[PDB]
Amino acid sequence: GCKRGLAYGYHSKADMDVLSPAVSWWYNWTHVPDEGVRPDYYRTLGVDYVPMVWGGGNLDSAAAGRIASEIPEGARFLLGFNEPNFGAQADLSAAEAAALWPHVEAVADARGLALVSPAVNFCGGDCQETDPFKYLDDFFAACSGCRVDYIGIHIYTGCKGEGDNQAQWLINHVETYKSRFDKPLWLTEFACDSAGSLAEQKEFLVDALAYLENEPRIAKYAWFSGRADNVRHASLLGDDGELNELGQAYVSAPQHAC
């Protein structure tokens, strides 16, 4: 249904009150929703929680059972491993990710969840695989019998883009995924990474959402993040329950069919 989500794990009730007019889903890199809004408040607001299996550690049938019984009632999706191609994140070869996928698929089969691939991006340092398109080709080869409904991607570019479209470098990467793969896409983290001022991140966000809302191959997208320390000007929230100017732009931006 509605595409606009958030990648954040520390929502308060008041935070979700001000986001929920347009932010219809979120995830938090684990499989149980943020303590501040659980077990009922997010459900009463009608915001969807999407669980994740972040990585490959401590994973077997017993763990799959536990995760399936801990994910809340109402789940419909399950995200696969986070940035496995990065040594500093889930740190799995495409072959290892494919070999452990049965545990992820066992959770989704038990609970009736649609599956998002492990989420990839370009890696430049400490990389199992630098090239995200290659990683995914290799994963699908190694996971030939596996259920994967959607492809997970992360994009972080500079803020200036091309001509009047400050999001052109992000658009160009989505167009590469669209040519390299046929499955629908979830853009589970994005922001620009060079913002010299708030105005630079705001113009990038506005042009990015106009593209993502109107691109049918993007099923869902999630801004990084509610409160971020290390991506300059990327936070949406200030004080408890207060959107900042960037949050207001994210909530107010036009939506496709929704």
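Note that residue numbering follows the sequence shown and begins at 1.
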property: Lowest, middle or highest third - CA B-factor, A199; result: highest
property: Among modelled residues of the same chain, the CA temperature factor third for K160; result: middle
property: Modelled-residue ranking by C-alpha temperature factor, third containing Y42; result: middle
property: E70 - Cα temperature factor, lowest/middle/highest third of chain; result: highest
property: Position of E105 among the chain's modelled residues by C-alpha B-factor, lowest, middle or highest third; result: lowest
